[PDB]
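*Asks:* This is the structure I have questions about; it appears just below.
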Amino acid sequence: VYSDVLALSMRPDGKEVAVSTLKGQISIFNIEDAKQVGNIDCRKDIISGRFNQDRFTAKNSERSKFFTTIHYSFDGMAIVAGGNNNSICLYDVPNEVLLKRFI
Amino acid sequence: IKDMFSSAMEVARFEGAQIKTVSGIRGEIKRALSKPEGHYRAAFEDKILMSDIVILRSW
Amino acid sequence: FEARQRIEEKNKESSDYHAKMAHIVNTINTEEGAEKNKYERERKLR
Amino acid sequence: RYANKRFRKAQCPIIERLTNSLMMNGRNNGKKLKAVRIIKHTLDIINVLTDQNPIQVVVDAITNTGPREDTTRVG
Amino acid sequence: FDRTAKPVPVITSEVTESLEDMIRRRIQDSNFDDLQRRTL
Amino acid sequence: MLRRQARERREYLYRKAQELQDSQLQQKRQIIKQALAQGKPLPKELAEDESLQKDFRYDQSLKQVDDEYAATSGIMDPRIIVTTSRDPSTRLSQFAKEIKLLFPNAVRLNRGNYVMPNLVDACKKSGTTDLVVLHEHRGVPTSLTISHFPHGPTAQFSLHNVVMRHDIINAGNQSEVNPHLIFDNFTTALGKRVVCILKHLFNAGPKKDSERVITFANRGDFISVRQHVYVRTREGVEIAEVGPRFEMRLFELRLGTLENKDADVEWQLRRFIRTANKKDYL
Amino acid sequence: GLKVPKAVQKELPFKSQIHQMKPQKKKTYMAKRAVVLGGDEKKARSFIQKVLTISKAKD
Amino acid sequence: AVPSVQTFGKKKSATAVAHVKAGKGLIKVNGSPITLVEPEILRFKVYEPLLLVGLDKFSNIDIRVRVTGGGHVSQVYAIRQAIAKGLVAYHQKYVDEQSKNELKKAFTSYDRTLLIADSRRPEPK
RNA sequence: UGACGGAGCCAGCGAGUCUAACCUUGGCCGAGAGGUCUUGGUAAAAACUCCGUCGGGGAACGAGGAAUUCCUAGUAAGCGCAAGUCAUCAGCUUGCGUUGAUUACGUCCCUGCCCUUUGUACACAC
């Protein structure tokens, strides 16, 4: 993978592994032949904060633009993802889209 | 080394022996050769020059 | 065979030479120096 | 990476298989450019003589030549 | 003349037997060298 | 991780250098302990001291295997990759097969197109506690290097009077049971280092009634090595020679891993020094 | 003088790097333009060379 | 300033540097048009990005590559790698992220080796 | 499973004022030693790619039996350059590159080898 893969989830099917990486990415690798079947870029849509004591913008910040925990649902359809940022996202896999983003 | 000998017989007799190049660095004579007939190979101390003259003492 | 024989004999001879050398030098030191310090203890007495 | 797990060998395309098995020889080990030129010219001949389609013919040949029941020497 | 290094030994009946008897006696005494567990 | 290897090795060299710089304090505290127990006057230097003289309470509380392996001397099993030189002739490949067989916990690698920096990496990264490299000469074997991958030592031996088992006879098979070990005549500090390396090359704690023994004998600075099977009789013990039988001689010890070629050398076989042949273990 | 292999000189850490400044081939404008005096200035620069060499050998 | 992006490619021991600039719409592997990389059994293994993404995406920009090291097959694989990676890098720096992500998806659909060369590490047993 | 002429193009190791042959005809010089000149004969990146051409060897041999040995991925097998490291290696030795597969990745039936044949660990479960 391009980055370091700091969170790992595995499909109920057990054929696919969803891996969350410090470049703000979630990938989905198929496991019978090891290959990247479907990816979901997240880096953009994370409402990440700026602390009181900081000295830089909450856009240019880079402490909080990766997803650190992942899980599939049980139809093997959706992902819930969360980080050390303000928000929890909920992606839909087959289209690779965001269904919602809470705060 | 090319002229301390003239026959592989001879070098086999004298091999495994101890020589010192005129420069003063030691070394040992180790194995006769084939295609030239009296030349042998020595394993010296450092990179022995072409501009030297190796010697072997004998009584 | 000649190599092994020669190196053996050379080692034995050099070690034996050393042993005799120390034997001698040390016996001169002990005997003579003892009697010399005797004579010196004598001279300082007077 | 077609020979690490059990069946990545299966997942590899067919023409690649044919090319490599073709270069498997006593003095053709290690000339894959020779193997590929060879198979390209073969398929050209295929298309010229049997008009229909090389790849379809190759697949048909492999299926129709696959053996279907073997034996093993008994203990 | 002199020489630079003792040549290699060549094995014989005497060498084989001497080593063999040292081995056999070490067996009779079971005096052994080995890596022991460090337990706990 | 190689960041981590570099830091950990650097720490180690530093710790060793300071142990070297305070062995004299070891000796001085030894003197003070001695006098305190058997009350005798102290020399002038220690007597005038007040810094050590004062702090010598903690150090009074203060207080064998060699160092690099003592971290895991008897805990994990040391596993070994026996690896041929390059483009190996069939006789050499046979020899490497038989050596992998000889050790326990050993596995065999054909060398083609593996360079040493890459092999050393993939080892350090898989965990392969020892590397063996074998060199030949027209099928005959002559060189054997033993490297220890946690940044350890590499002893490059020569090996001469080889006898190959398949060459010997259709002798069947080995016993390949975790063997017993015999080491004779290693005396000097270097001898202890060598026995340490080979021993931790082997496995640990053989079952108290095994059947085969591998023996490393010192004879005139040449190590001999044999394998044997022993079945005990009530009147005596008779054994059968087995495995390779060959004569081996250390000729250098690089404190780095083998690929370094500019590591720190603890010993080397001096063999153009004028008094070469009068002494043992040179 | 010593000379360094390519891996070494391509991997030296920043501060301890080497500075091999390659000769300029295509003659440049200023080096084309500059005048160098003649006659007495010729002889004077010769003389200064000679004097400095002498005093250096002396010291 | 000129919009400008550089990438890399590495097969066995072959380096492939690839500049990508916004310009007149051409492709040059080291001073000679890409139609004349010589192996001729692999020229399409070089084209593979060009074709697989369609041309106009390249009509906008200029790609210059230089390659070294390795040999024939390795250098061809290295160029294809550098071209593809350079294309995606430029389209994620100065052009829209939708092009970025869908290009990455097209490539990883076809064959991931255009993006992450495998550092095919040796293995224990 | 080719030969030959031109083409086409790409490597990685290594950089000690140290790296490197002998016989032979005769000229001149030289007190000599010798020196210079002549002088005749014998020692030491490939493959790959596109175009063109051709279509058994001077008594032995035409890919090497029977048995046995090694091999699972940048691995088998090809192919050339380079170094010669205090042991070993020129009848060679070790590195560094480039080209790059076939087929198991299972089973304990055979062939051996090992083990254990008492849970002692603390649940729930046999």
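Naming works like this for the structure tokens: A, B, ... for the chains as they're shown, residue 1 at the start of each chain, ligands 1 onward in shown order.
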May I have the residues within 9 Å of segment 225-232 of chain F as a list in words, using only C-alpha atoms (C1' of nucleotides) and disregarding those fewer than 5 positions away in the same chain?
*Replies:*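 Once the nearby chain positions are removed, what remains is residues 24, 27 and 28 of chain E; 102, 175, 210, 211, 212, 213, 214, 215, 216, 217, 237, 238, 239, 240, 241, 242, 243, 244, 245, 246, 247 and 248 of chain F.
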*Asks:* Output the contact residues of chain I with respect to chain F at a cut-off of 7 Å, based on only C-alpha atoms (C1' of nucleotides), as a PDB file with N, CA, C and O atoms (P, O5', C5', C4', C3', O3' and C1' of nucleotides), in the first residue's frame.
*Replies:*
ATOM      1  P     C I  70      20.095 -36.206  -2.997  1.00  0.00           P
ATOM      2  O5'   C I  70      19.997 -34.827  -3.777  1.00  0.00           O
ATOM      3  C5'   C I  70      20.840 -33.750  -3.414  1.00  0.00           C
ATOM      4  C4'   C I  70      20.833 -32.648  -4.441  1.00  0.00           C
ATOM      5  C3'   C I  70      19.559 -31.837  -4.535  1.00  0.00           C
ATOM      6  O3'   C I  70      19.532 -30.803  -3.566  1.00  0.00           O
ATOM      7  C1'   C I  70      20.259 -32.469  -6.696  1.00  0.00           C
ATOM      8  P     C I  86      43.098 -10.529   3.228  1.00  0.00           P
ATOM      9  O5'   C I  86      44.177 -11.632   3.587  1.00  0.00           O
ATOM     10  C5'   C I  86      45.309 -11.856   2.764  1.00  0.00           C
ATOM     11  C4'   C I  86      46.332 -12.723   3.454  1.00  0.00           C
ATOM     12  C3'   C I  86      45.782 -13.925   4.210  1.00  0.00           C
ATOM     13  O3'   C I  86      46.700 -14.998   4.105  1.00  0.00           O
ATOM     14  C1'   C I  86      46.948 -12.518   5.702  1.00  0.00           C
ATOM     15  P     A I  87      46.620 -15.988   2.853  1.00  0.00           P
ATOM     16  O5'   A I  87      45.759 -17.211   3.387  1.00  0.00           O
ATOM     17  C5'   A I  87      46.394 -18.267   4.082  1.00  0.00           C
ATOM     18  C4'   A I  87      45.409 -19.148   4.795  1.00  0.00           C
ATOM     19  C3'   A I  87      44.755 -20.230   3.966  1.00  0.00           C
ATOM     20  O3'   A I  87      45.563 -21.379   3.817  1.00  0.00           O
ATOM     21  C1'   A I  87      43.110 -19.096   5.180  1.00  0.00           C
ATOM     22  P     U I  88      46.267 -21.700   2.413  1.00  0.00           P
ATOM     23  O5'   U I  88      45.070 -21.977   1.421  1.00  0.00           O
ATOM     24  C5'   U I  88      44.459 -23.247   1.378  1.00  0.00           C
ATOM     25  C4'   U I  88      43.206 -23.202   0.557  1.00  0.00           C
ATOM     26  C3'   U I  88      43.399 -22.874  -0.906  1.00  0.00           C
ATOM     27  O3'   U I  88      43.709 -24.031  -1.649  1.00  0.00           O
ATOM     28  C1'   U I  88      41.606 -21.610  -0.005  1.00  0.00           C
ATOM     29  P     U I  93      36.366 -23.415  -9.879  1.00  0.00           P
ATOM     30  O5'   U I  93      36.740 -22.196  -8.942  1.00  0.00           O
ATOM     31  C5'   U I  93      37.056 -22.444  -7.591  1.00  0.00           C
ATOM     32  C4'   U I  93      37.134 -21.181  -6.781  1.00  0.00           C
ATOM     33  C3'   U I  93      35.890 -20.317  -6.726  1.00  0.00           C
ATOM     34  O3'   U I  93      34.946 -20.790  -5.782  1.00  0.00           O
ATOM     35  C1'   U I  93      37.782 -18.970  -7.134  1.00  0.00           C
ATOM     36  P     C I 113      13.565 -44.910  11.424  1.00  0.00           P
ATOM     37  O5'   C I 113      14.252 -43.652  12.106  1.00  0.00           O
ATOM     38  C5'   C I 113      14.892 -42.671  11.307  1.00  0.00           C
ATOM     39  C4'   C I 113      14.460 -41.281  11.685  1.00  0.00           C
ATOM     40  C3'   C I 113      13.636 -41.159  12.949  1.00  0.00           C
ATOM     41  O3'   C I 113      14.403 -41.264  14.135  1.00  0.00           O
ATOM     42  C1'   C I 113      12.673 -39.830  11.266  1.00  0.00           C
TER      43        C I 113
END
*Asks:* Excluding same-chain residues fewer than 4 positions from segment 19-30 of chain I, what lies within 8 Å of it counting only C-alpha atoms (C1' of nucleotides), as a ChimeraX atom specification?
*Replies:* /B:50 /I:34-43
*Asks:* Each residue of chain B with at least one atom at most 12 Å from chain C should appear once, together with its nearest atom pair and the corresponding distance in Å (one decimal); atoms considered: only C-alpha atoms; ordering: chain, then increasing residue number; output as a tab-separated table.
*Replies:*
residue	atom	partner	partner_atom	distance
B:13	CA	C:2	CA	10.6
B:14	CA	C:3	CA	10.5
B:15	CA	C:3	CA	10.3
B:16	CA	C:3	CA	8.7
B:17	CA	C:3	CA	8.9
B:18	CA	C:3	CA	11.3
*Asks:* Counting only C-alpha atoms, give me one row per residue of chain A with an atom at most 9 Å from an atom of chain H, showing the shortest contact pair and its distance in Å to one decimal, sorted by chain then residue number, as a tab-separated table.
*Replies:*
residue	atom	partner	partner_atom	distance
A:1	CA	H:116	CA	7.9
A:2	CA	H:116	CA	7.7
A:35	CA	H:112	CA	7.6
A:36	CA	H:108	CA	6.6
A:37	CA	H:109	CA	7.2
A:38	CA	H:105	CA	7.6
A:39	CA	H:105	CA	7.6
A:40	CA	H:101	CA	8.7
A:41	CA	H:101	CA	7.8
*Asks:* Would you mind exporting the chosen residues as a CSV table (one decimal), in the first residue's frame, restricted to N, CA, C and O atoms?
*Replies:*
chain,number,residue,atom,x,y,z
A,1,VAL,N,0.9,-1.2,0.0
A,1,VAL,CA,0.0,0.0,0.0
A,1,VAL,C,0.9,1.2,0.0
A,1,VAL,O,2.1,1.2,0.4
A,2,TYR,N,0.3,2.4,-0.4
A,2,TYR,CA,1.1,3.6,-0.6
A,2,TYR,C,1.6,4.2,0.7
A,2,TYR,O,2.7,4.8,0.7
A,35,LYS,N,-5.4,-8.4,-4.8
A,35,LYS,CA,-5.4,-7.2,-5.6
A,35,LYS,C,-6.4,-6.2,-5.2
A,35,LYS,O,-7.5,-6.5,-4.6
A,36,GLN,N,-6.1,-4.9,-5.4
A,36,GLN,CA,-6.9,-3.8,-5.0
A,36,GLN,C,-8.2,-3.7,-5.8
A,36,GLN,O,-8.2,-3.2,-6.9
A,37,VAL,N,-9.3,-4.3,-5.3
A,37,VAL,CA,-10.5,-4.3,-6.0
A,37,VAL,C,-11.2,-2.9,-6.0
A,37,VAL,O,-11.7,-2.4,-7.0
A,38,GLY,N,-11.3,-2.3,-4.8
A,38,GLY,CA,-12.1,-1.0,-4.8
A,38,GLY,C,-11.6,-0.1,-3.7
A,38,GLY,O,-11.4,-0.5,-2.5
A,39,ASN,N,-11.3,1.1,-4.1
A,39,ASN,CA,-10.8,2.1,-3.1
A,39,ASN,C,-11.7,3.2,-2.9
A,39,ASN,O,-12.6,3.5,-3.8
A,40,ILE,N,-11.6,3.9,-1.8
A,40,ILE,CA,-12.5,5.0,-1.4
A,40,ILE,C,-11.6,6.1,-0.8
A,40,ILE,O,-11.0,5.8,0.3
A,41,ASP,N,-11.4,7.2,-1.4
A,41,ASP,CA,-10.6,8.3,-0.9
A,41,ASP,C,-11.5,9.1,0.1
A,41,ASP,O,-12.6,9.4,-0.2
*Asks:* Compute the chain G side of the contact with chain I at 12 Å, counting only C-alpha atoms (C1' of nucleotides), and hand it back as a ChimeraX atom specification.
*Replies:* /G:1-7
*Asks:* Using C-alpha atoms, can you export the residues from the last selection as an mmCIF file, in the first residue's frame?
*Replies:*
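That gives us selection-v2.cif:
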data_model
loop_
_atom_site.group_PDB
_atom_site.id
_atom_site.type_symbol
_atom_site.label_atom_id
_atom_site.label_comp_id
_atom_site.auth_asym_id
_atom_site.auth_seq_id
_atom_site.Cartn_x
_atom_site.Cartn_y
_atom_site.Cartn_z
ATOM 1 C CA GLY G 1 45.110 12.630 -3.937
ATOM 2 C CA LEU G 2 42.305 10.419 -2.806
ATOM 3 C CA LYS G 3 39.243 9.731 -4.923
ATOM 4 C CA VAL G 4 35.813 8.558 -3.862
ATOM 5 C CA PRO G 5 33.499 5.913 -5.338
ATOM 6 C CA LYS G 6 30.173 6.943 -6.752
ATOM 7 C CA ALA G 7 27.988 5.382 -4.080
#
*Asks:* Set the cut-off to 12 Å and count only C-alpha atoms: what are the residues of chain B that reach chain E? Output as a list in words.
*Replies:*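 Taken together, these residues fit the definition: residues 13, 14, 15, 16, 17, 18, 19, 20, 26, 27, 28, 29, 30, 42, 43, 44, 56, 57, 58 and 59 of chain B.
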*Asks:* Write down, as a CSV table (one decimal) with N, CA and C atoms, in the first residue's frame, each residue of chain F that has any atom within 8 Å of an atom of chain E, counting only C-alpha atoms.
*Replies:*
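Now in selection_6.csv:
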chain,number,residue,atom,x,y,z
F,73,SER,N,20.0,-16.6,24.9
F,73,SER,CA,20.9,-17.7,24.9
F,73,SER,C,20.2,-19.1,24.9
F,74,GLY,N,19.0,-19.1,25.6
F,74,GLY,CA,18.4,-20.4,25.8
F,74,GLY,C,16.9,-20.3,25.7
F,75,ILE,N,16.3,-19.4,24.9
F,75,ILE,CA,14.9,-19.1,24.9
F,75,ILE,C,14.2,-19.4,23.6
F,161,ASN,N,39.9,-31.3,4.9
F,161,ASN,CA,40.0,-32.8,4.7
F,161,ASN,C,38.6,-33.4,4.7
F,180,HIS,N,23.9,-34.6,20.7
F,180,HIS,CA,24.7,-34.2,21.8
F,180,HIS,C,26.0,-33.6,21.2
F,181,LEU,N,26.7,-32.9,22.1
F,181,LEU,CA,27.9,-32.2,21.6
F,181,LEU,C,29.1,-32.4,22.5
F,182,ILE,N,30.3,-32.5,21.9
F,182,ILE,CA,31.5,-32.7,22.6
F,182,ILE,C,32.5,-31.7,22.1
F,183,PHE,N,33.2,-30.9,22.9
F,183,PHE,CA,34.1,-29.9,22.5
F,183,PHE,C,35.4,-30.2,23.4
F,199,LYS,N,28.4,-23.5,19.7
F,199,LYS,CA,27.4,-24.0,20.6
F,199,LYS,C,26.1,-23.4,20.3
F,200,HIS,N,26.0,-22.0,20.3
F,200,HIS,CA,24.8,-21.4,20.1
F,200,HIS,C,24.3,-21.5,18.6
F,203,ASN,N,21.4,-26.5,18.8
F,203,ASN,CA,20.2,-26.4,19.6
F,203,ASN,C,20.6,-26.6,21.1
F,204,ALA,N,19.6,-26.8,21.9
F,204,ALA,CA,19.8,-26.7,23.4
F,204,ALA,C,19.2,-27.9,24.1
F,205,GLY,N,19.8,-28.3,25.2
F,205,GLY,CA,19.2,-29.3,26.1
F,205,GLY,C,18.7,-30.6,25.4
F,206,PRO,N,19.7,-31.4,24.9
F,206,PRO,CA,19.3,-32.6,24.2
F,206,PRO,C,18.7,-33.6,25.2
F,236,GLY,N,31.2,-51.9,27.7
F,236,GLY,CA,31.9,-50.8,27.1
F,236,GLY,C,30.9,-50.0,26.2
F,237,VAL,N,31.4,-49.0,25.5
F,237,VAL,CA,30.7,-48.3,24.6
F,237,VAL,C,31.4,-48.3,23.2
F,238,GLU,N,30.7,-48.8,22.2
F,238,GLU,CA,31.2,-48.8,20.8
F,238,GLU,C,30.3,-47.9,20.0
F,239,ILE,N,30.9,-47.2,19.0
F,239,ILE,CA,30.3,-46.2,18.3
F,239,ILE,C,30.5,-46.4,16.8
F,271,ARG,N,49.8,-14.7,9.1
F,271,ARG,CA,50.5,-15.8,8.6
F,271,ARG,C,51.6,-15.3,7.7
F,272,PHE,N,52.1,-14.1,7.9
F,272,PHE,CA,53.4,-13.7,7.4
F,272,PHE,C,54.2,-13.0,8.5
F,276,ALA,N,55.3,-16.8,13.1
F,276,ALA,CA,54.0,-17.3,12.9
F,276,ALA,C,53.8,-18.7,13.5
F,277,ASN,N,54.7,-19.6,13.2
F,277,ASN,CA,54.6,-21.0,13.4
F,277,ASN,C,55.0,-21.5,14.7
